[PDB]
Structure formats: C-alpha cells, structure tokens
Amino acid sequence: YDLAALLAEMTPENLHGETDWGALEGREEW
Amino acid sequence: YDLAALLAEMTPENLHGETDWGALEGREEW
Amino acid sequence: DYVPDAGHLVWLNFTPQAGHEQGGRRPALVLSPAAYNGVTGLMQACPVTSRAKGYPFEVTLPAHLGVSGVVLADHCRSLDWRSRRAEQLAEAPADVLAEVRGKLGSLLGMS
Amino acid sequence: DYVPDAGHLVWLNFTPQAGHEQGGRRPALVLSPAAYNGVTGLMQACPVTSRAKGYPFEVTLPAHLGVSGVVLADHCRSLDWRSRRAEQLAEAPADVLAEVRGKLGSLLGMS
Amino acid sequence: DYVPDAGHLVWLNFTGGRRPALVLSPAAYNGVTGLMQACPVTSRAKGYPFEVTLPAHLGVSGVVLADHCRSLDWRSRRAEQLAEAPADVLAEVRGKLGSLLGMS
Amino acid sequence: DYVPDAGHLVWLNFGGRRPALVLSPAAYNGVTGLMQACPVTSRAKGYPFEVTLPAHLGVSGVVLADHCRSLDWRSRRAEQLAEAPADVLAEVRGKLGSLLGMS
C-alpha cells in the first residue's frame, strides 16, 4: 500500500472522527 | 465428544461410503 | 507459490485408475499446517460433500462462505496437494476447524 | 480463560467518562498475538464501525462472519481487554488481517 | 468375522499385494461403518519426524508413518490381524498425529 | 498551525501534559486531525517494548512502543518538544511492527 494513494482518497465527507473508547480502563497507559 | 454419543446417531441411510480420491497421486503412500 | 494452510478450503483433483470413469475435483478442509504442507507436498484434509444426510461426523459450513455442503470429519486423509493441483477456494472459520478436530480426535482416541 | 489472538473479532466494553451516560460495546479486530495479550492483559486492536463511508482505511468484512460494518485500519489502539470484558464474536480470515496490516503499516512508516 | 480394533496391526490388500497398517479407530466404529482410520507401516525408516519405530520381534518390522493416517474401507481390502501394538507405540502415534492435525 | 510529523516528540494534554513519539506523517495528521503516536514515560521498567531516549534531547525516559494509539492531537493542543533520532524512530517501528504481526 502506497500511503499517498490512500491519502488521495480522503475527503471531509468520508473522514471518521476519533473512535470513542470512553474512560481509561485498567492498565491502559492512555 | 464421547464415541458412544456419535455411534447412537449413525443409520444405514446417513452412512457415507469411503470418499473416492481415485488412484494414488505424487508422494501418497497409499 | 500457493501453499495450503490449516483452515483453508482447497479444490483438489482426483483421477480414477480406469480411464473410462470421469474423475474431477472436490473441496477439502485442510487440517495440517503450511510448515508441514509447503515442505512435504502432503496434507491432512477432510472432504466436503454436497450430500448432507445428518451423519454425525458431518460439519456444516456457514451459508455465505462460498463453499456449500458439509465436511466429513471422519474421512480425513493424507493427500499430495501438488499432484492434485490444490487451488484455494475459501478459509474455514476456526469455528468449523475446532468442531472437525474434536470429532476426529474422538475417533482417533486422542488423549 | 479466553485469550484474544491475532484475527479475533472481540466485543469490547467502553464507559463514557460522563457516568450518567449508558456507554456500551464495540467490536474490534485484534492484531497482537495471544503470547503478548494473555500475560499483559493488553492488545493492539482496530475498531469496527457500523457506518461505511468509503474512507480509504476502511476494511470490509465478509457477510458470513456476522460482524457488520468495516474495520478502521488507522484507528488501531492499545486496549486492556480484561477490564473491557472481551468476548469473541468470530475470527477474520487471513486476507482481512493482511489488508488491515498493509494499510496500518503504510501509515506507521514500516519498512 | 474379524473387525479391526484400535492398536491392532492389520494386513490390507492393495485392492496380489498386502501391506501392514496400525488401526487408530475403535471396532464399534469400524464394524458399523466398514471404514477405519489407520497409519501405514513401512520397512523404509530413519530420522523422519512422524515415524514411530515398532519394537523388535512384534511379527512385522519397520516404522508407523503417523502423518500418513487415512480413512479407508477395510472390508474391501480384506483386513486380517497381524499383531497388537504396545500401548506406548499407540500413544506415540496418537501424539504425533494429534500435533500434525492441530489438536490439543 | 503546528502539524505533528513522523519522529516528532510532542506535548499532549492527553493541565496534565505528557510527551509522545509521533509515527504517522503530517500529510495524514493535518488532514485527519488524528495521529498514531507512542507515549513517553519517565522510567524504564525494562520490559521488551521500551525504547530508551538518548540523553540531553530536551525530553528524558522511554518510548512505550506497545502503547501506540490513534488520538485526536488538535483537541489535546499538541506542541513540538524535540525530534527523535532516526535509529529511535526505526527501533520503535521495528518493535511495534513485530507486535502488530507485520513481516
């Protein structure tokens, strides 16, 4: 996979926000 | 799994004959 | 460059001895690892049959997998996949693999 | 007794920082091996999202798995799978894993 | 009226030609199906990781090829008992074959 | 208008500030507002995924290569701290690649 070919397909329309995993759980460092 | 369990459900109608793989091929012993 | 691996469903050839019988191909569930298979050119595989009768060693495949029919767990056998021109067809859920191995292990009298 | 392995699709809990909110559960594709996951209680996993938008890091799942939606290859994250009560839903075939690792590898600048 | 049982070493026809084999499946399954799971015995033996050596003076000599286990129709091949494997050979064959088939 | 680039050591509010090594490039990071980054910790516990930072960089301690994650860097006010040497960035990529089953 070429990263530039991947980046070329991104639009404001298909962009995903940060995935919400809610609070820190157990031994997660962050 | 208990073989007696599987034995109980075999019938003459559901029995499969030996699978036909034709003649020995390549490095097959038999 | 294809080497069959554990869980692969492969097309395998068969050719009767008598030149007058048809011969053809049949899908098979591969049980043995790529490490062994790739090296030896052999594999342990269970045939897939289109005739499901409810025989207790039959293991069903998921309806959308793209291989219809049933694995016969007790018909496991060493086959030469190179001579039989093995072609990958699908990958069986480790689901199907675990059921085949438990039934076959029971038949083989596994510890 | 369950340890997630590479290619497992697990159901993972998440609880909003805001205690009045229900929170819930998301599937995730595990990339890290059980050799790491089991002892550490951690894993590297990619979230599965219900809403496919054609985003280039989306990796589609075959219907037979009965996990709906797409893997977000670029959202890979360290998660504590014991605290989040990971339960196995299915296992993705090797091809899903190769697409996710090829896209994520590309983003991380892997040789 | 012979039915092969687990641990038995049997003769099986090429069907002119008889070859030795170690039966892994039990008589209750073998008699009902007319099939069995058996590993071939060869005199052609050294080093190979799935070979299990048969002890001397058992009535057939050589090794069991645990990796060459197969389902076969024993009725058609006129199975006749040759000997009985020691419990250690049977456990060793099942150990190697179990490892190969990815069992635990 | 700072956009984190690959190899940058950045402060993140992840107020409550901590250092992190950025693995993803600016072309991705600036378009998405997200980035792949590994946290930096004060101390080696000595476990296999620790990559020690060289002395006198302006940040001290250890990169946790197994704690790599996607996060929103815009909301966490990312500010550049320093630049990891090539060999530290390659070692972090080596260890993380191996954990993610890349080959």
# chains A, B, ... in the order shown; residues from 1 in each chain; ligands from 1
>>> residues_around(residues="region 59-67 of chain F", least_positions_apart="5", cutoff="7 Å", atoms="only C-alpha atoms", output="CSV table (one decimal) with N, CA and C atoms, in the first residue's frame")
chain,number,residue,atom,x,y,z
A,29,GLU,N,-2.3,2.9,29.4
A,29,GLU,CA,-1.4,4.0,29.7
A,29,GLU,C,-2.0,5.3,29.4
D,78,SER,N,-3.9,0.5,21.7
D,78,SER,CA,-3.6,-0.4,22.9
D,78,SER,C,-4.9,-0.3,23.8
F,38,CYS,N,3.1,6.9,20.2
F,38,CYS,CA,3.5,6.1,21.3
F,38,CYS,C,3.8,7.0,22.5
F,39,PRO,N,3.4,6.6,23.7
F,39,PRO,CA,3.6,7.5,24.9
F,39,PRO,C,5.0,7.4,25.3
F,40,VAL,N,5.5,8.5,25.9
F,40,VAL,CA,6.9,8.5,26.6
F,40,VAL,C,6.7,8.5,28.1
F,41,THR,N,7.5,7.7,28.8
F,41,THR,CA,7.4,7.5,30.2
F,41,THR,C,8.8,7.9,30.8
F,42,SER,N,8.8,8.3,32.1
F,42,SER,CA,10.0,8.9,32.8
F,42,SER,C,11.1,7.9,33.0
F,43,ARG,N,10.7,6.6,33.0
F,43,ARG,CA,11.5,5.5,33.6
F,43,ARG,C,11.3,4.2,32.8
F,44,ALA,N,12.4,3.5,32.6
F,44,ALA,CA,12.4,2.1,32.1
F,44,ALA,C,12.0,1.2,33.2
F,49,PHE,N,9.3,-3.8,25.2
F,49,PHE,CA,8.8,-2.8,24.2
F,49,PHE,C,9.2,-1.4,24.6
F,50,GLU,N,10.2,-1.3,25.5
F,50,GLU,CA,10.8,0.0,25.9
F,50,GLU,C,11.9,0.4,24.9
F,51,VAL,N,11.8,1.6,24.4
F,51,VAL,CA,12.9,2.2,23.6
F,51,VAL,C,13.4,3.4,24.4
F,52,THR,N,14.6,3.4,24.9
F,52,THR,CA,15.2,4.5,25.7
F,52,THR,C,15.5,5.6,24.8
F,53,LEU,N,15.2,6.8,25.2
F,53,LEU,CA,15.6,8.1,24.5
F,53,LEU,C,17.1,8.4,24.9
F,92,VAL,N,11.4,1.9,17.3
F,92,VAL,CA,10.0,1.9,17.7
F,92,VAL,C,9.2,1.2,16.7
F,95,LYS,N,9.7,-2.7,16.7
F,95,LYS,CA,9.1,-3.4,17.8
F,95,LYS,C,7.6,-3.4,17.6
F,96,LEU,N,7.0,-2.2,17.3
F,96,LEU,CA,5.5,-2.1,17.1
F,96,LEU,C,5.1,-3.0,15.8
>>> interface_residues(of="chain A", to="chain D", cutoff="7 Å", atoms="only C-alpha atoms", output="ChimeraX atom specification")
/A:1-3,6,9-10,14-15,19,21-23,25-28
>>> closest_residue(among="E:78, E:96, E:46, E:18", to="chain C", atoms="only C-alpha atoms")
E:96
>>> select_by_dssp(residues="chain D", states="alpha helix (DSSP H)", output="JSON, numbers by chain")
{"D": [34, 35, 36, 37, 38, 39, 40, 94, 95, 96, 97, 98, 99, 100, 101, 102, 103, 104, 105, 106, 107, 108]}
>>> interface_residues(of="chain D", to="chain C", cutoff="10 Å", atoms="only C-alpha atoms", output="PDB file with C-alpha atoms, in the first residue's frame")
ATOM      1  CA  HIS D   8     -10.123 -12.465  16.506  1.00  0.00           C
ATOM      2  CA  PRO D  62     -17.251 -10.851   4.587  1.00  0.00           C
ATOM      3  CA  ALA D  63     -21.026 -11.357   5.405  1.00  0.00           C
ATOM      4  CA  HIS D  64     -20.524 -14.966   6.704  1.00  0.00           C
ATOM      5  CA  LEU D  65     -18.740 -13.566   9.863  1.00  0.00           C
ATOM      6  CA  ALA D  90     -15.751 -14.501  15.236  1.00  0.00           C
ATOM      7  CA  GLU D  91     -12.301 -14.712  13.579  1.00  0.00           C
ATOM      8  CA  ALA D  92     -11.489 -12.676  10.425  1.00  0.00           C
ATOM      9  CA  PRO D  93      -9.815 -14.600   7.577  1.00  0.00           C
ATOM     10  CA  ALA D  94      -6.057 -14.018   6.889  1.00  0.00           C
ATOM     11  CA  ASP D  95      -6.923 -11.697   3.910  1.00  0.00           C
TER      12      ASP D  95
END
>>> residues_around(residues="region 9-14 of chain F", least_positions_apart="3", cutoff="7 Å", atoms="only C-alpha atoms", output="MDAnalysis selection string")
chainID F and resid 17:22 76:84
>>> closest_atom_pairs(of="chain F", to="chain A", cutoff="7 Å", atoms="only C-alpha atoms", output="tab-separated table")
residue	atom	partner	partner_atom	distance
F:28	CA	A:7	CA	6.7
F:32	CA	A:15	CA	6.9
F:34	CA	A:18	CA	6.9
F:67	CA	A:29	CA	7.0
F:71	CA	A:18	CA	6.3
F:72	CA	A:18	CA	6.0
>>> calpha_fit_and_write(fixed="chain A", moving="chain B", output="mmCIF file with N, CA and C atoms, in the first residue's frame")
data_model
loop_
_atom_site.group_PDB
_atom_site.id
_atom_site.type_symbol
_atom_site.label_atom_id
_atom_site.label_comp_id
_atom_site.auth_asym_id
_atom_site.auth_seq_id
_atom_site.Cartn_x
_atom_site.Cartn_y
_atom_site.Cartn_z
ATOM 1 N N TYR B 1 1.586 -0.544 -0.113
ATOM 2 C CA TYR B 1 0.271 0.177 -0.096
ATOM 3 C C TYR B 1 0.379 1.641 -0.546
ATOM 4 N N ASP B 2 1.514 2.321 -0.342
ATOM 5 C CA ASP B 2 1.724 3.718 -0.831
ATOM 6 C C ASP B 2 0.744 4.689 -0.131
ATOM 7 N N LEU B 3 1.207 5.509 0.810
ATOM 8 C CA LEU B 3 0.313 6.393 1.608
ATOM 9 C C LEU B 3 -0.357 7.434 0.701
ATOM 10 N N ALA B 4 0.371 7.970 -0.288
ATOM 11 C CA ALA B 4 -0.145 8.954 -1.269
ATOM 12 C C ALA B 4 -1.400 8.398 -1.937
ATOM 13 N N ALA B 5 -1.414 7.096 -2.247
ATOM 14 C CA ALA B 5 -2.591 6.391 -2.820
ATOM 15 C C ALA B 5 -3.799 6.540 -1.887
ATOM 16 N N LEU B 6 -3.637 6.252 -0.591
ATOM 17 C CA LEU B 6 -4.752 6.295 0.396
ATOM 18 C C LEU B 6 -5.151 7.747 0.648
ATOM 19 N N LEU B 7 -4.163 8.633 0.778
ATOM 20 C CA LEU B 7 -4.402 10.091 0.988
ATOM 21 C C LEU B 7 -5.335 10.621 -0.096
ATOM 22 N N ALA B 8 -5.092 10.251 -1.349
ATOM 23 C CA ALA B 8 -5.847 10.751 -2.517
ATOM 24 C C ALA B 8 -7.356 10.546 -2.318
ATOM 25 N N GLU B 9 -7.785 9.517 -1.579
ATOM 26 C CA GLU B 9 -9.220 9.121 -1.539
ATOM 27 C C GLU B 9 -9.896 9.602 -0.245
ATOM 28 N N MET B 10 -9.159 10.185 0.696
ATOM 29 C CA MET B 10 -9.787 10.818 1.890
ATOM 30 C C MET B 10 -10.538 12.090 1.473
ATOM 31 N N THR B 11 -11.727 12.318 2.036
ATOM 32 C CA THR B 11 -12.566 13.523 1.808
ATOM 33 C C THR B 11 -13.129 13.948 3.154
ATOM 34 N N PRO B 12 -13.482 15.235 3.342
ATOM 35 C CA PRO B 12 -14.167 15.668 4.560
ATOM 36 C C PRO B 12 -15.399 14.807 4.877
ATOM 37 N N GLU B 13 -16.112 14.286 3.873
ATOM 38 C CA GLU B 13 -17.331 13.458 4.123
ATOM 39 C C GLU B 13 -16.960 12.059 4.615
ATOM 40 N N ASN B 14 -15.823 11.485 4.195
ATOM 41 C CA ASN B 14 -15.530 10.064 4.536
ATOM 42 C C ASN B 14 -14.631 9.989 5.773
ATOM 43 N N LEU B 15 -14.124 11.128 6.250
ATOM 44 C CA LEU B 15 -13.275 11.207 7.466
ATOM 45 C C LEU B 15 -14.047 10.719 8.701
ATOM 46 N N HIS B 16 -13.426 9.854 9.507
ATOM 47 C CA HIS B 16 -13.969 9.374 10.803
ATOM 48 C C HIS B 16 -13.292 10.156 11.919
ATOM 49 N N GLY B 17 -14.044 10.597 12.918
ATOM 50 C CA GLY B 17 -13.443 11.194 14.118
ATOM 51 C C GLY B 17 -12.744 10.132 14.948
ATOM 52 N N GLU B 18 -11.933 10.547 15.930
ATOM 53 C CA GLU B 18 -11.295 9.600 16.877
ATOM 54 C C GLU B 18 -12.385 8.703 17.451
ATOM 55 N N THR B 19 -12.134 7.393 17.495
ATOM 56 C CA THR B 19 -13.077 6.393 18.014
ATOM 57 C C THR B 19 -13.192 6.612 19.525
ATOM 58 N N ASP B 20 -14.413 6.708 20.016
ATOM 59 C CA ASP B 20 -14.702 6.986 21.441
ATOM 60 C C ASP B 20 -14.611 5.668 22.207
ATOM 61 N N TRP B 21 -13.551 5.471 22.978
ATOM 62 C CA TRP B 21 -13.438 4.307 23.901
ATOM 63 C C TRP B 21 -13.673 4.765 25.347
ATOM 64 N N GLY B 22 -14.358 5.904 25.524
ATOM 65 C CA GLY B 22 -14.675 6.479 26.848
ATOM 66 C C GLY B 22 -13.417 6.696 27.663
ATOM 67 N N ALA B 23 -13.513 6.580 28.989
ATOM 68 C CA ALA B 23 -12.397 6.777 29.942
ATOM 69 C C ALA B 23 -11.394 5.620 29.813
ATOM 70 N N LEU B 24 -10.165 5.813 30.300
ATOM 71 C CA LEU B 24 -9.130 4.744 30.451
ATOM 72 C C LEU B 24 -9.705 3.636 31.328
ATOM 73 N N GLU B 25 -9.407 2.386 30.984
ATOM 74 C CA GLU B 25 -9.855 1.167 31.708
ATOM 75 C C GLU B 25 -8.605 0.388 32.137
ATOM 76 N N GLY B 26 -8.660 -0.261 33.303
ATOM 77 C CA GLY B 26 -7.654 -1.219 33.800
ATOM 78 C C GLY B 26 -6.230 -0.722 33.644
ATOM 79 N N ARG B 27 -5.411 -1.455 32.890
ATOM 80 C CA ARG B 27 -3.955 -1.209 32.735
ATOM 81 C C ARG B 27 -3.618 -0.284 31.561
ATOM 82 N N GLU B 28 -4.611 0.337 30.912
ATOM 83 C CA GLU B 28 -4.375 1.246 29.751
ATOM 84 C C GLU B 28 -3.530 2.437 30.228
ATOM 85 N N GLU B 29 -2.476 2.778 29.488
ATOM 86 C CA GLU B 29 -1.515 3.854 29.844
ATOM 87 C C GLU B 29 -2.188 5.212 29.569
ATOM 88 N N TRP B 30 -3.135 5.277 28.631
ATOM 89 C CA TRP B 30 -3.680 6.565 28.129
ATOM 90 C C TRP B 30 -4.798 6.308 27.103
#
>>> closest_residue(among="D:67, D:110, D:34, D:73", to="residue 5 (chain D)", atoms="only C-alpha atoms")
D:34
>>> residues_around(residues="region 72-75 of chain E", least_positions_apart="5", cutoff="12 Å", atoms="only C-alpha atoms", output="JSON, numbers by chain")
{"B": [16, 17, 18, 19, 20, 21, 30], "C": [74, 75, 76, 77, 78], "E": [1, 2, 3, 4, 5, 10, 11, 12, 13, 14, 15, 21, 23, 24, 25, 27, 29, 30, 31, 32, 33, 34, 35, 36, 37, 38, 39, 40, 80, 81]}
>>> write_last_selection(atoms="C-alpha atoms", output="mmCIF file, in the first residue's frame")
data_model
loop_
_atom_site.group_PDB
_atom_site.id
_atom_site.type_symbol
_atom_site.label_atom_id
_atom_site.label_comp_id
_atom_site.auth_asym_id
_atom_site.auth_seq_id
_atom_site.Cartn_x
_atom_site.Cartn_y
_atom_site.Cartn_z
ATOM 1 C CA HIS B 16 -21.165 -42.312 3.720
ATOM 2 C CA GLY B 17 -19.046 -44.737 1.669
ATOM 3 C CA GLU B 18 -15.231 -44.305 1.504
ATOM 4 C CA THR B 19 -14.527 -40.963 -0.255
ATOM 5 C CA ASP B 20 -13.289 -41.639 -3.825
ATOM 6 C CA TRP B 21 -9.899 -39.881 -4.323
ATOM 7 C CA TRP B 30 -1.482 -45.490 -0.337
ATOM 8 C CA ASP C 74 -14.019 -38.913 9.953
ATOM 9 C CA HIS C 75 -12.837 -39.116 6.226
ATOM 10 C CA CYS C 76 -9.603 -37.190 6.995
ATOM 11 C CA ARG C 77 -6.704 -38.478 4.812
ATOM 12 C CA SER C 78 -3.111 -37.667 3.725
ATOM 13 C CA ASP E 1 -15.866 -62.110 11.136
ATOM 14 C CA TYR E 2 -12.709 -60.067 12.144
ATOM 15 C CA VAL E 3 -13.344 -56.354 12.907
ATOM 16 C CA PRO E 4 -10.151 -54.256 13.282
ATOM 17 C CA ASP E 5 -9.775 -52.569 16.706
ATOM 18 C CA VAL E 10 -3.517 -55.467 10.231
ATOM 19 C CA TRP E 11 -2.768 -56.723 6.706
ATOM 20 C CA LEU E 12 -4.698 -54.746 3.988
ATOM 21 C CA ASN E 13 -4.827 -55.591 0.230
ATOM 22 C CA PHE E 14 -3.571 -53.142 -2.481
ATOM 23 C CA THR E 15 -7.209 -53.701 -3.795
ATOM 24 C CA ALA E 21 -1.116 -50.794 8.951
ATOM 25 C CA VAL E 23 -5.536 -49.027 13.305
ATOM 26 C CA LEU E 24 -6.420 -45.941 15.414
ATOM 27 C CA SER E 25 -10.298 -46.085 15.266
ATOM 28 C CA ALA E 27 -14.049 -51.683 16.482
ATOM 29 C CA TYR E 29 -16.965 -47.513 14.647
ATOM 30 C CA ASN E 30 -15.028 -49.857 12.289
ATOM 31 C CA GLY E 31 -17.730 -52.606 12.265
ATOM 32 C CA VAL E 32 -20.670 -50.197 11.759
ATOM 33 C CA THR E 33 -19.089 -48.024 9.003
ATOM 34 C CA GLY E 34 -16.843 -50.598 7.233
ATOM 35 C CA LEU E 35 -14.243 -47.738 7.428
ATOM 36 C CA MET E 36 -11.319 -47.113 9.795
ATOM 37 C CA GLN E 37 -8.539 -44.582 10.473
ATOM 38 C CA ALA E 38 -5.159 -46.365 10.007
ATOM 39 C CA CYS E 39 -1.469 -45.358 9.542
ATOM 40 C CA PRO E 40 0.733 -47.344 7.109
ATOM 41 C CA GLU E 80 -6.552 -59.596 8.694
ATOM 42 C CA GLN E 81 -4.924 -59.057 12.126
#
>>> select_by_dssp(residues="chain E", states="strand (DSSP E or B)", output="MDAnalysis selection string")
chainID E and resid 8:13 18:23 35:42 51:53 63:65 70:73 80:84
>>> write_last_selection(atoms="N, CA, C and O atoms", output="compact mmCIF listing (two decimals), in the first residue's frame")
# COMPACT_ATOMS: atom_id res chain seq x y z
N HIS E 8 -4.50 -52.53 16.86
CA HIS E 8 -4.23 -53.72 16.03
C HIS E 8 -3.30 -53.34 14.89
O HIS E 8 -3.47 -52.28 14.31
N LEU E 9 -2.34 -54.19 14.60
CA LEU E 9 -1.61 -54.15 13.31
C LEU E 9 -2.32 -55.15 12.38
O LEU E 9 -2.52 -56.31 12.79
N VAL E 10 -2.73 -54.68 11.21
CA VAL E 10 -3.52 -55.47 10.23
C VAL E 10 -2.76 -55.54 8.90
O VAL E 10 -1.99 -54.60 8.56
N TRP E 11 -3.02 -56.62 8.16
CA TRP E 11 -2.77 -56.72 6.71
C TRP E 11 -3.96 -56.11 5.96
O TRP E 11 -5.10 -56.34 6.39
N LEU E 12 -3.69 -55.36 4.89
CA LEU E 12 -4.70 -54.75 3.99
C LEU E 12 -4.23 -54.94 2.55
O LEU E 12 -3.09 -54.60 2.26
N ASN E 13 -5.13 -55.38 1.67
CA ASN E 13 -4.83 -55.59 0.23
C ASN E 13 -4.62 -54.24 -0.48
O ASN E 13 -5.32 -53.27 -0.13
N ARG E 18 -0.35 -57.22 -0.28
CA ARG E 18 -0.86 -57.00 1.09
C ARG E 18 0.12 -56.05 1.79
O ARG E 18 1.30 -56.28 1.62
N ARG E 19 -0.34 -55.05 2.56
CA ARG E 19 0.57 -54.12 3.28
C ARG E 19 0.12 -53.97 4.73
O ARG E 19 -1.07 -53.98 5.02
N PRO E 20 1.06 -53.75 5.68
CA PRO E 20 0.72 -53.63 7.09
C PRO E 20 0.26 -52.21 7.47
O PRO E 20 0.70 -51.26 6.89
N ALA E 21 -0.58 -52.09 8.48
CA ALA E 21 -1.12 -50.79 8.95
C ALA E 21 -1.52 -50.87 10.43
O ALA E 21 -1.86 -51.99 10.90
N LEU E 22 -1.46 -49.72 11.12
CA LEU E 22 -1.82 -49.57 12.55
C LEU E 22 -3.16 -48.87 12.58
O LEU E 22 -3.25 -47.75 12.07
N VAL E 23 -4.15 -49.53 13.16
CA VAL E 23 -5.54 -49.03 13.31
C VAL E 23 -5.60 -48.10 14.52
O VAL E 23 -5.17 -48.50 15.62
N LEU E 35 -15.41 -48.63 7.59
CA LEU E 35 -14.24 -47.74 7.43
C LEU E 35 -13.38 -47.83 8.67
O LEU E 35 -13.83 -48.37 9.67
N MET E 36 -12.19 -47.26 8.61
CA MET E 36 -11.32 -47.11 9.80
C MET E 36 -10.29 -46.03 9.51
O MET E 36 -10.02 -45.73 8.35
N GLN E 37 -9.71 -45.48 10.56
CA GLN E 37 -8.54 -44.58 10.47
C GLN E 37 -7.33 -45.45 10.80
O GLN E 37 -7.30 -46.00 11.92
N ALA E 38 -6.39 -45.56 9.86
CA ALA E 38 -5.16 -46.36 10.01
C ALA E 38 -3.95 -45.64 9.41
O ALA E 38 -4.11 -44.86 8.45
N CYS E 39 -2.78 -45.84 10.01
CA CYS E 39 -1.47 -45.36 9.54
C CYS E 39 -0.70 -46.50 8.90
O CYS E 39 -0.63 -47.59 9.47
N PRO E 40 -0.05 -46.29 7.74
CA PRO E 40 0.73 -47.34 7.11
C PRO E 40 2.04 -47.63 7.85
O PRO E 40 2.60 -46.80 8.47
N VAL E 41 2.46 -48.88 7.80
CA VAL E 41 3.77 -49.35 8.32
C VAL E 41 4.66 -49.55 7.10
O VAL E 41 4.17 -50.10 6.09
N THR E 42 5.89 -49.06 7.18
CA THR E 42 6.92 -49.30 6.14
C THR E 42 8.16 -49.87 6.84
O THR E 42 8.33 -49.63 8.05
N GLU E 51 7.72 -40.63 11.99
CA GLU E 51 7.94 -42.10 12.06
C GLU E 51 7.90 -42.49 13.53
O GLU E 51 8.45 -41.73 14.37
N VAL E 52 7.23 -43.60 13.84
CA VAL E 52 7.27 -44.25 15.18
C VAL E 52 7.79 -45.68 14.97
O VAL E 52 7.15 -46.43 14.21
N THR E 53 8.91 -46.03 15.61
CA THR E 53 9.56 -47.34 15.43
C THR E 53 8.76 -48.41 16.16
O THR E 53 8.34 -48.18 17.29
N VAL E 63 8.56 -48.99 10.77
CA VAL E 63 8.01 -47.79 11.47
C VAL E 63 6.56 -47.58 11.05
O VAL E 63 6.15 -48.02 9.97
N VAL E 64 5.83 -46.90 11.92
CA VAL E 64 4.49 -46.36 11.59
C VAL E 64 4.71 -44.95 11.09
O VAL E 64 5.33 -44.18 11.82
N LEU E 65 4.15 -44.62 9.92
CA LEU E 65 4.07 -43.24 9.40
C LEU E 65 2.79 -42.57 9.91
O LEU E 65 1.76 -42.72 9.28
N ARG E 70 -5.05 -42.36 7.26
CA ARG E 70 -6.20 -42.12 6.36
C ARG E 70 -7.42 -42.97 6.73
O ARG E 70 -7.26 -44.11 7.25
N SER E 71 -8.59 -42.40 6.46
CA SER E 71 -9.87 -43.13 6.33
C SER E 71 -9.73 -44.13 5.19
O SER E 71 -9.31 -43.69 4.09
N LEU E 72 -10.06 -45.41 5.43
CA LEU E 72 -10.21 -46.39 4.33
C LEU E 72 -11.23 -47.50 4.65
O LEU E 72 -11.48 -47.83 5.85
N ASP E 73 -11.79 -48.04 3.57
CA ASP E 73 -12.71 -49.20 3.55
C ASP E 73 -11.88 -50.46 3.79
O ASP E 73 -11.09 -50.84 2.87
N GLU E 80 -6.84 -58.41 7.86
CA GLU E 80 -6.55 -59.60 8.69
C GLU E 80 -5.58 -59.15 9.77
O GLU E 80 -4.62 -58.40 9.43
N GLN E 81 -5.80 -59.54 11.02
CA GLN E 81 -4.92 -59.06 12.13
C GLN E 81 -3.51 -59.63 11.93
O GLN E 81 -3.37 -60.81 11.60
N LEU E 82 -2.50 -58.79 12.13
CA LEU E 82 -1.07 -59.16 12.00
C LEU E 82 -0.48 -59.25 13.41
O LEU E 82 0.20 -60.25 13.68
N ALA E 83 -0.80 -58.30 14.29
CA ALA E 83 -0.29 -58.25 15.68
C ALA E 83 -1.07 -57.21 16.49
O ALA E 83 -2.10 -56.66 16.00
N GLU E 84 -0.62 -56.94 17.71
CA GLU E 84 -1.11 -55.80 18.52
C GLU E 84 0.06 -54.90 18.90
O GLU E 84 1.07 -55.41 19.42
>>> atom_distance(atom1="CA of residue 102 (chain F)", atom2="CA of residue 73 (chain F)")
25.7 Å
>>> atom_distance(atom1="CA of residue 44 (chain C)", atom2="CA of residue 29 (chain C)")
8.6 Å
>>> atom_distance(atom1="CA of residue 37 (chain C)", atom2="CA of residue 101 (chain F)")
21.8 Å
